[PDB]
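# Summary of the model geometry
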Amino acid sequence: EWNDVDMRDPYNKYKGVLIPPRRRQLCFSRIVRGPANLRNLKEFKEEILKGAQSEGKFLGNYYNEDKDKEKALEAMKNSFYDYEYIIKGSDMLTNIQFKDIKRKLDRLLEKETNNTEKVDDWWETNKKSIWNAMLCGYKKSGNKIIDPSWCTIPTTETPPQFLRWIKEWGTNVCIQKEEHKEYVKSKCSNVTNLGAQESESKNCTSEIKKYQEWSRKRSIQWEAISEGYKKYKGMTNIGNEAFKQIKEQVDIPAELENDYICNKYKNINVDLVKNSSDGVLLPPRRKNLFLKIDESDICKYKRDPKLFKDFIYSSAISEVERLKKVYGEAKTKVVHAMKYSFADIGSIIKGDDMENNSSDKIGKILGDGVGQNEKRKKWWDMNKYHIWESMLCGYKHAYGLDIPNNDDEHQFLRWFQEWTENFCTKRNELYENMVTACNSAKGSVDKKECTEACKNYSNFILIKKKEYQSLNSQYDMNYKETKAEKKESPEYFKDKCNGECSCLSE
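This deposited entry lists cryo-EM as its structure determination method and 4.88 Å as its resolution.

Glancing now at the overall build of the chain. On a plain count of helices and strands, the chain comes out with 19 helices and zero strands. Here the chain has a C-alpha radius of gyration of 33 Å; the compact-globule value for 506 residues is 23 Å, and the former is much larger. The C-alpha extent of the chain, read off along each of the three principal axes, is 120 × 55 × 50 Å.

What the domain assignment reports for the chain is domain 1 (31-158), domain 2 (170-191 + 198-257), domain 3 (263-408) and domain 4 (412-437 + 447-495). Distance from the C-alpha centre of domain 1 to the C-alpha centre of domain 2: 34 Å. A combined buried area of about 260 Å² lies between domain 1 and domain 2, and 46% of that area is made up of carbon and sulfur atoms. Across the domain 1-domain 2 interface, the total number found is zero salt bridges. A per-class count over the side of domain 1 that touches domain 2 returns no nonpolar, no polar and four charged.

Our focus in this paragraph is helix α16 (residues 374-398). Along its 25 residues, α16 runs 36 Å from first to last C-alpha, staying within 8% of the 36 Å computed at 1.5 Å per residue. Looking only at α16, the buried set comprises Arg376, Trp380, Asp381, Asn383, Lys384, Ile387, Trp388, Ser390, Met391 and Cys393.

This part covers helix α7 (residues 161-186). For α7, with 26 residues, the first-to-last C-alpha span of 37 Å sits near the 38 Å given by 1.5 Å per residue. Of the residues making up α7, those classed as buried are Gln161, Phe162, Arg164, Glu168, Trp169, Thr171, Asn172, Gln176, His180 and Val184. In this structure, the buried residues of α7 make contact with α2 (21-24), α4 (71-87) and α8 (202-232). Looking one or two residues past α7, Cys188 carries a phi angle of roughly 65 degrees, positive in sign.

Conventions used here
Residues numbered from 1 in each chain as written, not as in the entry; some residues may be left out. Heavy atoms only, no water. Residues with missing side-chain atoms left out of burial classes, pairs and counts. Helix = DSSP H or I, 4+ residues; strand = E, 2+ residues; numbered from the N terminus. Rg over C-alpha atoms; globule rule 2.2 N^0.38 Å. Domains from an automatic or database assignment. Buried area = accessible area lost by both parts, 1.4 Å probe. Salt bridge = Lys/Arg side-chain N within 4 Å of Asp/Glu carboxyl O. Nonpolar A, V, L, I, M, F, W, Y, C, P; charged D, E, K, R; others polar. Expected span 1.5 Å × (residues − 1). Buried < 20%, exposed > 50% of the residue type's maximum accessible area, 1.4 Å probe, protein only. Contact = heavy atoms within 4.5 Å.

Written as structure tokens, this is what we have:
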């Protein structure tokens with residue numbers, strides 16, 4: 001059981017240390033101390049060896065109790081890490097006299113003012129002895145790295161003790177969280193079927209709710225331990241909120257009744273907007289999209305998908321970098337352009353939209369179908385999340401989080417919505433320019449600047465019909481019998497914005 005107070009009381013240091021439930025209970029065969037005054041260097045070494053052998057035996061018995069495909073190895077490695085910390089603490093731990101008195105007696109008996117190098121070498125010798133305690137054990141008896149007639153794992157080098165403790169705590173907390181998630185997902189897995197009533201399996205939700213609060217108890221506790229580490233360091237989610245929140249799978253029945261990660265983008269480092277249109281218009285981004293065909297990596301994609309993934313990552317990073325440098329400085333228009341680029345990339349990578357090179361690339365990489373891109377959809381979602389995190393890091397570094405639901409809509413419909421938005425922006429800009437140009441001004445015209453001011457707007461409106469013509473063709477795509485119209489087209493345009501379609505379809 002998670003006994004926070006039970007450890008806090010004897011610790012008397014306020015540190016938030018919580019051992020796992022399996023590592024906490026005990027094996028009672030071991031005795032805290034045997035002989036009272038029968039203490040000698042050789043006798044003390046023998047007693048420590050016996051304790052280590054017994055501990056290994058109980059670890060093996062527990063692993064046999066588990067009998068898991070991979071949990072056994074994780075428990076084995078954690079046991080070695082914990083015992084290594086205990087043996088080579090070389091500092092103050094939660095031991096009354098388990099190490100201090102032994103070290104004092106060893107230093108007093110070995111020689112007058114014995115050095116700590118002798119104790120360190122003795123500890124390393126004990127580690128070697130615990131490694132060799134198998135005594136050429138049979139392959140069947142012990143489970144280790146599988147080799148012909150020799151099932152053993154190589155010795156693991158000891159990293160820094162501070163980093164080693166950080167890693168052990170992280171692995172413990174993670175393993176706990178995956179185990180809790182597996183337990184919650186196993187039971188009450190099916191919620192879509194007969195999930196209208198919460199009382200049918202409400203308990204399961206309560207369980208996750210309990211887990212949720214337990215997760216909270218972890219979070220603060222984790223923070224506490226972090227603080228302690230800050231003191232001792234003296235020389236598929238978006239952020240930490242996901243740890244406190246619960247998976248979306250439970251949201252269906254749950255309806256209401258420091259910067260190390262951010263440095264990965266840096267570690268992985270390495271006129272289009274002002275172009276004027278001259279039967280289908282060319283979008284400013286898709287016209288100069290970075291989708292160059294590389295025939296030198298065609299065979300590599302078939303041989304090692306890893307190279308293809310690395311190429312995809314590099315291309316995405318380069319495209320996002322060039323886009324951010326070419327956007328400008330205005331926050332709102334820059335974010336709108338980023339959303340437009342994201343929609344364009346999602347559409348292109350789905351293999352659904354007039355481009356032959358993209359279709360050939362998709363076919364060569366996987367030979368995708370006409371419109372089946374579920375794996376492509378998930379890949380696009382992951383790439384969008386990665387690009388969003390990279391852009392957040394870039395913006396934070398340049399100037400000192402969750403993706404909005406507006407961009408999460410269908411890419412095909414969002415693409416027309418963003419056309420409507422940019423058309424409205426252009427209309428407003430032209431209106432303001434024409435009002436400011438010569439509105440205050442009044443046979444032959446005296447100022448030639450405004451002779452071509454308003455007319456272009458009409459020509460632009462003519463382009464509108466062309467777009468409307470394309471819109472008409474787009475309507476033909478929606479006019480199809482299958483899902484011909486979920487809700488009326490002009491009213492759909494009006495309601496497709498959260499206040500941004502007031503100037504749209506007016």
